[PDB]
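Only one structure is covered here, and it is reproduced in the block below.
Nothing in this text is a laboratory measurement; each read-out follows from the coordinates by a stated rule. Note that each Cβ is placed from the backbone with ideal geometry, even for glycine, and that neighbours are counted across all protein chains shown.
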RNA sequence: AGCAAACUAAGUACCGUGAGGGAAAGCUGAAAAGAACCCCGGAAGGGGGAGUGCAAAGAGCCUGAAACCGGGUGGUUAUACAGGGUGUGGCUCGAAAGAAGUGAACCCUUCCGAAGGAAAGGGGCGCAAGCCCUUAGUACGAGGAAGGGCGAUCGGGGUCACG
RNA sequence: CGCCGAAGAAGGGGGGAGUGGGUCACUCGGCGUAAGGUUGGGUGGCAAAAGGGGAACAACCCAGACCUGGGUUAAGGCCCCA
RNA sequence: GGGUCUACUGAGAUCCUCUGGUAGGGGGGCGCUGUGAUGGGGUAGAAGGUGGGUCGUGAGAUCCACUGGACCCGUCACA
């Protein structure tokens, strides 16, 4: 189901835990916050066909709601 | 409340799998129970130590019979409308948001609970 | 907000959490109301965080007066779930106290002094 | 394509399709050189190609008996020469370093980190025993994959 | 833990060994050739001779095989064949040692007897262990 | 399965000298966009790398179970059993889905107490083996209640040791 | 006398069956010397009756398994296996 | 099983009592596929599969991660 790339997993510390939210290919921006809706689903292993994003890749505005969970 | 766990932990339930599930794989993956209607069969004869034949006597207590493991009452939901008919109030039941509901409907659906003080498991 | 006495803006209460985050790593933190409350009586506490959303409230409502009589600073924080994860816990935590900031010396202090004026105008 | 631990840019993957090599004998091959460096492995096979020493079997031993050419791999004393099999394996690993050469690696310091043995595809023919009967004479194919890296 | 079987009844002395065995403490026996069995010479040999297959002997005692004829062979089967048949029964049997005379390094330690196994409890007509191997095939 | 028949031909291939009997076999995505191009091999819709495209499980093409076999993860073996449930453990997985920091797990302390049910001492009796009254239905107790102290894993899954 | 009975009912009617090869133990027969033979009377299991002992066991003794837990007991046994 | 309360028809309280099991009879309950409906609903985030939580004596139910890539359940009644 991940192959649709209608989800994106979050890399934090690249350790053995991973976070996932639903990405928006629309909204056309790199700083757009609304293209990202935070959920609460920490995952043990990185899924096979998953698409990975780095924590530093996030817009700085959204780091706030996330680093606390880190 | 303190008398919730004090029968399940000592009264350790039994998987109750089919008679002779161990030998042949054609049963194990079936992973259920049946009543052996045989003659030379064993458990129907109640021979010792053979995951003894199911019987009614192993019930759970009616005070908690089918209670949610958190103690509340398990009742499911399927759409926004079902919420209003919550029984009594948030004090004795817990809700399982649909296993199949969509997120674009979940986001509003989930918000409806905590504003009413409900308890949600599949958050 | 029954036990809550004065309002703290979000821009201030949030600033506690990263210090709390900066506390757990290289300092001592108590999790558990029966433990955290004992810190006040043992006078071992220095900073206290209180969640203004508990239910019921009397389990935490008695802390603000008992901590005040020993003249120890404390603050109200939005969500126990946010605090619970800040405790590295998968579940919320209601009462948490600061045993030692460790490396958090330079930021715990101004929080204590810069909340007094809010309480200073709050009598 | 199993192990994905070491960073990929230092790995070489090459695979082969539907080749005549009785997997019954191929089982030795993957356990033959697993983790050994390619260099000695290549001639190790060549050594067995002209019977300097045999090759170990581990359990499919029926038919093949003790040589006097086997002590490198310890408890093994079952030796048989799988040339029609092993020829492919040499032929297969040849296709490997082409990838390695493609991406700028060091040939000598490479590691056989995964070698794959697998059932091939099935071909259907019928033998002919006596008494107006018929029997099974299927020709068993094979697929062998290998993972090379530094 | 060390026990002397001098002037003790092997069958009787055997018993409290076993409980010590089931206890889980390592034991020893010395001067085992000094136990006795009630009965006249004919029977006690005959009651043992019946089991023979062949004669010879060609190792140090260590085997423990289907037919005992060394002086400290006989004690073992009498103590072994009186032990649990479950897996620990074998494992407990590993913790027993047999001896003739006195091992040097165990002299300076205590020993105990089983009063129930005293010869005095028996009327008479007994034979010492070491006498058996003379007839049983033990050159010693 | 649906008449045999949904398919490149179905009474077709075929078995029978003959009247006759009588099969099997569907899905590429919407658009072939069918992987141009570069390296290996001679080649193989073969390998590798790149590219198309939401997605390539891209020709053997929807989804893809087991019996199977191979690599790996986790335990684990050459004094020794079939197996399973069972007690004690050891080692391992534990993101969510179960408990749980609004207190798990673990220690104490106090209390209540079913049936049932002691012992030392005392005295007496019996050759002895013991009993009799007392100590006493007391201590004890299956179960259940309170407090405290401790402080975060337990429940759970896998294997193995031995009973 | 005793027991069941209007909480749960002498008689009457009605729907639906399987069952017609038994065996053994004890006990009183017959046939036959005999027989884990056959053939009768009475009782008991078993058949369809687990659980404990007899070494394992359809029938021998104890004794009829709603379940978990505690305790006391039966037939038997109490040197070790246990 | 037998002797009190509520409900546009099943749900509660209390008391006594009964508790091996084939041939056989009888009482009640879950699942599969379709029809009618159905406060009803659910869907490009379904179905199914794999593994694993939780409910239920069970019959089974129900859930979480992933895979999938286009249609699918709850209740009643009926076949």
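Any residue that is over 23 Å from residue A:1 (Cα atoms), within 14 Å of chain C (Cβ to nearest Cβ), without any contact (Cβ under 8 Å) to a residue 24 or more places away in the chain and in a loop (DSSP other than H, G, I, E, B) - is there at least one of those in the stretch A:32-40?
The answer is no, given that none of the residues of the stretch A:32-40 is over 23 Å from residue A:1 (Cα atoms), within 14 Å of chain C (Cβ to nearest Cβ), without any contact (Cβ under 8 Å) to a residue 24 or more places away in the chain and in a loop (DSSP other than H, G, I, E, B).
State all residues of the stretch A:14-52 that are farther than 26 Å from residue C:87 by Cα and within 16 Å of RNA strand F (Cβ to nearest atom); if no residue qualifies, say none.
Step one: of the stretch A:14-52, the residues farther than 26 Å from residue C:87 by Cα are A:22-35, A:47-52.
Within the stretch A:14-52, A:22, A:23, A:24, A:25, A:26, A:47, A:48, A:49, A:50, A:51, A:52 meet the criteria.
Of the numbered conditions (1) part of a helix (DSSP H, G or I); (2) within 16 Å of RNA strand F (Cβ to nearest atom), residue E:16 fails exactly one; give the number of that condition.
Only one criterion in (1) part of a helix (DSSP H, G or I); (2) within 16 Å of RNA strand F (Cβ to nearest atom) is unmet by residue E:16, namely (2).
Of the residues C:54, C:20, which single one is out of contact with any strand residue (DSSP E or B) (no Cβ under 6 Å at 6 or more places or on another chain) and over 23 Å from residue A:67 (Cβ atoms)?
After ruling out the rest, the residue left standing is C:54.
Given the criterion touching a residue at least 12 places away in the same chain (Cβ under 8 Å) and under 19 Å from residue E:110 (Cβ atoms), identify the matching residue among E:18, E:5. Even if it seems obvious, please write down each step before you answer.
Working: E:18 fails: under 19 Å from residue E:110 (Cβ atoms).
Criteria check complete, one pass: E:5.
Does residue C:79 fit the bill of being closer than 30 Å to residue A:39 by Cα, more than 14 Å from the chain's Cα centre (by Cα) and either away from chain A (no Cβ under 14 Å) or surrounded by fewer than 18 Cβ atoms within 10 Å (Cβ to Cβ) (or both)?
no
Inspect the stretch D:19-29 for any residue being over 17 Å from residue D:79 (Cα atoms) and loosely packed, with under 14 Cβ neighbours inside 10 Å and give the result as yes or no.
Yes - at least one qualifying residue is present in the stretch D:19-29.
Quick check on residue B:112: is it touching a helix residue (DSSP H, G or I) at 6+ places or on another chain (Cβ under 7 Å) and assigned to a helix (DSSP H, G or I)?
Criteria met by residue B:112.
What helices (runs of 4 or more DSSP H) completely inside the stretch E:23-93 contain at least 2 residues that are exposed (fewer than 14 other Cβ atoms within 10 Å of the Cβ)?
Values: elements: E:41-49, E:71-80, E:87-93.
Result: E:41-49, E:87-93.
In the stretch A:54-70, what residues are outside any loop (DSSP other than H, G, I, E, B), more than 12 Å from every other protein chain (Cβ to nearest Cβ) and either surrounded by 15 or more Cβ atoms within 10 Å (Cβ to Cβ) or touching a helix residue (DSSP H, G or I) at 6+ places or on another chain (Cβ under 7 Å) (or both)?
Of everything in the stretch A:54-70, those that are outside any loop (DSSP other than H, G, I, E, B), more than 12 Å from every other protein chain (Cβ to nearest Cβ) and either surrounded by 15 or more Cβ atoms within 10 Å (Cβ to Cβ) or touching a helix residue (DSSP H, G or I) at 6+ places or on another chain (Cβ under 7 Å) (or both) turn out to be A:55, A:62.
Out of the residues in the stretch A:19-31 that are within 13 Å of RNA strand H (Cβ to nearest atom) and touching a helix residue (DSSP H, G or I) at 6+ places or on another chain (Cβ under 8 Å), which is nearest to residue A:7 (Cα to Cα)?
Residues of the stretch A:19-31 within 13 Å of RNA strand H (Cβ to nearest atom): A:19-26.
Subset that is touching a helix residue (DSSP H, G or I) at 6+ places or on another chain (Cβ under 8 Å): A:19, A:22.
Details: A:19: 11, A:22: 4 Å.
Filtering first and then ranking leaves A:22.
How many residues are within 14 Å of chain C (Cβ to nearest Cβ) and surrounded by fewer than 11 Cβ atoms within 10 Å (Cβ to Cβ) when one looks only at the stretch A:18-31?
0
For the structure I just gave you, tell me whether residue C:85 is more than 14 Å from chain A (Cβ to nearest Cβ) and away from RNA strand H (no atom under 16 Å from the Cβ).
no
Could you say whether any residue in the stretch B:39-59 is in contact (Cβ under 8 Å) with a residue 40 or more places away in the chain, out of contact with any strand residue (DSSP E or B) (no Cβ under 6 Å at 6 or more places or on another chain) and within 11 Å of RNA strand H (Cβ to nearest atom)?
Yes, there is a match, as at least one residue in the stretch B:39-59 is in contact (Cβ under 8 Å) with a residue 40 or more places away in the chain, out of contact with any strand residue (DSSP E or B) (no Cβ under 6 Å at 6 or more places or on another chain) and within 11 Å of RNA strand H (Cβ to nearest atom).
Here are some residues: B:35, B:81. Which one is part of a loop (DSSP other than H, G, I, E, B) and either more than 7 Å from RNA strand H (Cβ to nearest atom) or closer than 30 Å to residue B:108 by Cα (or both)?
That would be B:35, the only listed residue that is part of a loop (DSSP other than H, G, I, E, B) and either more than 7 Å from RNA strand H (Cβ to nearest atom) or closer than 30 Å to residue B:108 by Cα (or both).
Looking at D:84, D:75, can you tell me which residue is loosely packed, with under 13 Cβ neighbours inside 10 Å, over 27 Å from residue D:150 (Cβ atoms), more than 16 Å from RNA strand G (Cβ to nearest atom) and in contact (Cβ under 8 Å) with a residue 24 or more places away in the chain?
Testing whether each residue is loosely packed, with under 13 Cβ neighbours inside 10 Å, over 27 Å from residue D:150 (Cβ atoms), more than 16 Å from RNA strand G (Cβ to nearest atom) and in contact (Cβ under 8 Å) with a residue 24 or more places away in the chain leaves just D:84.
Of everything in the stretch C:90-101, what is surrounded by 16 or more Cβ atoms within 10 Å (Cβ to Cβ) and part of a loop (DSSP other than H, G, I, E, B)? Give them in sequence order.
Hits for the stretch C:90-101 are C:92, C:93, C:94, C:101.
Inside the stretch E:94-140, can you point out the residues that are free of Cβ contacts under 8 Å to residues at least 60 places away in the same chain and not in a loop (DSSP other than H, G, I, E, B)?
Listed by number, the residues that qualify are E:104, E:105, E:115, E:120, E:131, E:134.
This table checks each residue for (1) without any contact (Cβ under 8 Å) to a residue 40 or more places away in the chain; (2) surrounded by 13 or more Cβ atoms within 10 Å (Cβ to Cβ); (3) away from every other protein chain (no Cβ under 14 Å); (4) more than 22 Å from residue C:114 (Cα to Cα).
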{"residue": "C:3", "(1), (2), (3), (4)": "no, yes, yes, no"}
{"residue": "C:6", "(1), (2), (3), (4)": "no, yes, yes, no"}
{"residue": "C:11", "(1), (2), (3), (4)": "yes, no, no, no"}
{"residue": "C:23", "(1), (2), (3), (4)": "no, yes, no, no"}
{"residue": "C:27", "(1), (2), (3), (4)": "no, yes, yes, yes"}
{"residue": "C:33", "(1), (2), (3), (4)": "no, yes, yes, yes"}
{"residue": "C:37", "(1), (2), (3), (4)": "no, yes, yes, yes"}
{"residue": "C:42", "(1), (2), (3), (4)": "yes, no, yes, yes"}
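Test residue B:52 against the stated conditions and say whether it is away from RNA strand F (no atom under 13 Å from the Cβ) and either loosely packed, with under 12 Cβ neighbours inside 10 Å or away from every other protein chain (no Cβ under 14 Å) (or both).
Answer is no for this residue.
Restricting to the stretch B:107-123, and then to whatever is farther than 8 Å from residue B:83 by Cβ and more than 25 Å from the chain's Cα centre (by Cα), can you tell me which residue is surrounded by the fewest Cβ atoms within 10 Å (Cβ to Cβ)?
Step by step, filter the stretch B:107-123, then rank; the result is B:115.
For the stretch B:110-123, give me the residue count where each residue is more than 14 Å from chain A (Cβ to nearest Cβ) and out of contact with any strand residue (DSSP E or B) (no Cβ under 6 Å at 6 or more places or on another chain).
Adding up the residues that qualify gives 4.
Just the residues that are within 14 Å of chain A (Cβ to nearest Cβ) and not in a loop (DSSP other than H, G, I, E, B), please, taken from the stretch B:84-109.
B:103, B:104, B:105, B:106, B:107, B:108
Considering each residue of the stretch B:16-32, count those that are within 27 Å of residue B:70 (Cα to Cα) and either within 15 Å of RNA strand G (Cβ to nearest atom) or not in a loop (DSSP other than H, G, I, E, B) (or both), and give that number.
1
Across the stretch B:16-38, what is the total count of residues that are free of Cβ contacts under 8 Å to residues at least 12 places away in the same chain and within 12 Å of RNA strand F (Cβ to nearest atom)?
10
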